[PDB]
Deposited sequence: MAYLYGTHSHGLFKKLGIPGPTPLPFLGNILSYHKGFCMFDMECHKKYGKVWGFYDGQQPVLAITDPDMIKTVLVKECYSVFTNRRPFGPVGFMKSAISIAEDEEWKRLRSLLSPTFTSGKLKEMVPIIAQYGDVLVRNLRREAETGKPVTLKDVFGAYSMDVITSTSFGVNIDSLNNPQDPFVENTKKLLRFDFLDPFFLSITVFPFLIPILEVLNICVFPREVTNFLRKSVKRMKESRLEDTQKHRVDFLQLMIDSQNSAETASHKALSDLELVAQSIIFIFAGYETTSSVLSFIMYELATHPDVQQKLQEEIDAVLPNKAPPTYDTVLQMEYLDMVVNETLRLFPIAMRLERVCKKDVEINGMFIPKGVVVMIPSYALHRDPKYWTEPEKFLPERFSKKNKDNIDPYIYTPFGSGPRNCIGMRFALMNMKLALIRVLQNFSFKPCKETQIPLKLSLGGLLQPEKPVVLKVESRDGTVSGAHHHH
C-alpha cells in the first residue's frame, strides 16, 4: 500500500512499515500539515497506518471535491473506530443514508427555526453574565473554558430538550453529568493511534459492543429521550421549539436515528462552542483596541445594555469580523476529509479509489500566499473593503458543499449572542497567569497548551 504515491508521482513523507507516517504527528495535526505544505507544495500524500491520504490545496480542486463531485465520488468521511448505533448519526452516516438524514434535518436548521430559538439562547446569556459578575466582584482570574463550557451546556440542554439548568451551579445534576462527558475525540490518543495501526481490530470491538461513545452516557440520553418523549407530551398544548420537537414533528426519521442525532448535536456543539468562545475572548483581551471597537458597535446597536435579538445580531459587522478572524486562526476541525469512492481524474489529477482526500484548513488559513501576516489577528481582513479577496475554498472553518457544517448558522448565532451579553457588561484583560503569546497543544485537538485565564472587570 505504501508504494501508492510513489507510483503516482506524488510527493510526501516516506512511510515506515506498519506505522505509515503517524510518528510525524508528535507535534499534532496542524504542524504536520504546515510542514508538509511548505516542503511538498500544492499536493502531497501520506499514510495513516496503511491508509493513503492525499492532501490538496488548489481552490479549484477543493471545490470539485467538496462541491462538484460530492454526491458521485466524495460523499463520505473516513470511518474512525467502533461506533455502534451511532453509525446513523448524520456526521457518520454514508451515501444514501446520509443523503436522507441531511434532508430530514435540513428544515430543522433554517434561519426561521433559528430565530425561534434565539429567546431560549438569550436567556442563558443572562445566566452567564450573572455567574460571571459573581467573579467580576471577586477579582480572581477566570478560566474561560469553564464559564463558557457551562454556557455552552446550558444552551445545548435547553435548545436540544427544553431542559433548563444553570449547569455552572448545578454541577452534579445527572443530565449535566452525562452530557459533560461528550467531549471531542483525540485521534492522537493511544486508543485511536492503535486503531489506526490495527484497523483490522475495529470489527472485533463492534461485535463486543465496545463503542467510542460512552455507553453509560448514550444509555442515559436514550432513556431520557424515550421518557421525555415517552408520554410527557401526552397533552400537546405547549408548543415547543427545541431540536427534539422539530425532529419529533419530522416523524421519516427512525426513533433510533432521532436519538443518534440528539446525541451528535450535543457532541458537535458542546466543546466546539466553548473552545471558540475562549479563543475569541483571548484575542479580545490581548487586543484592547479591538475589544473596545466591538463594545462600541454593540452599544450603538443595543444602547443601554438592550437585549440582543436575531436581527440586531445580524446587524453587527465588526462582531462578525472578529468571529471570522478568530476562526481563521483557530479552525477547530483542522482538516476536512472525503473518501474517494471510485477511480477519478479531477482538475488534471488521477485519484485512486479508496484514497482519503484531505483539505488542510488550518494550513490553508495561515498560508502566506492568501493571507498577509497570517499569524496576526486582524479583523479588518473580513471588512467589506477586504473580504472579496477571500477564497471560500481557502477559508473553510465550517467546510463547504452539501456536507458542510449543518449547525453553522446556529453556532455563529449562539456565540454572537454570548459575546454580546458578556461584552455589554464586562471587559476582559490579561492576567499575570495569562499565557502570552498563546501556545497550541501538541495533542490531536486544536486547543491552548494551558487553559485561557483572564481578569474580568465589570463595566461600572
Lining up the deposited sequence with the coordinates, I want the ranges that have no C-alpha atoms. 1-8, 260-268, 478-487
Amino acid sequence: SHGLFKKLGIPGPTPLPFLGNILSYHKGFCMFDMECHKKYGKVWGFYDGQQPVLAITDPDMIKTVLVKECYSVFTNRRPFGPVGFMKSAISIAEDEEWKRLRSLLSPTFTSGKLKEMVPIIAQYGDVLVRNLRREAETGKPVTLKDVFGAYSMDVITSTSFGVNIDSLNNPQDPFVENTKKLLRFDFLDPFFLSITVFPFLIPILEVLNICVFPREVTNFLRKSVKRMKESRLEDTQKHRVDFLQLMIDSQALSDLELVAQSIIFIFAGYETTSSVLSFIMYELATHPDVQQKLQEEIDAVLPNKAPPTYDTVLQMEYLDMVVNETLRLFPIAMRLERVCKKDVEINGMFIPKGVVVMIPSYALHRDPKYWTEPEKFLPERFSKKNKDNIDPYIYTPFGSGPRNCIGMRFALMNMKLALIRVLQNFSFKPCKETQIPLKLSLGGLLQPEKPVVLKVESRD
From here on, numbers count along this sequence of modelled residues.
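For clarity, a rigid core is taken as the largest C-alpha set superposing within 1.5 Å between two forms.
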Core-fitted, the stretch whose Cα atoms sit farther from this form in 6 other deposited structures of this protein, 208-216 versus 372-380, is 208-216
Looking at C-alpha RMS in 6 other deposited structures of this protein with the core superposed, is it 339-347 or 158-166 that drifts more? 158-166
If we scan the other compared entries, does residue 180 go without coordinates in at least a third? no
Counting only other entries that model residues on either side of residue 235, is it left out in at least a third? yes
Averaging C-alpha B-factors over each stretch, which comes out higher, 399-407 or 428-436? 428-436
Greater mean Cα temperature factor according to the PDB record, 14-22 or 437-445: 437-445
With respect to the C-alpha temperature factors reported in the PDB entry, which of 78, 376, 381, 140 ranks highest? 140
Could you tell me which one of 186, 367, 126, 317 shows the highest CA temperature factor in the PDB record? 126
Which third of the chain holds residue 274 when residues are ordered by C-alpha B factor: lowest, middle or highest? lowest
Please rank the C-alpha B-factors of the chain's modelled residues and tell me whether residue 372 sits in the lowest, middle or highest third. middle
Chain third (lowest, middle, highest) by recorded CA B-factor, residue given as residue 2: middle
Lowest, middle or highest third - CA B-factor, residue 222: highest
Based on the deposited C-alpha B factors for this chain, I'd like to know if residue 289 is in the lowest, middle or highest third. middle
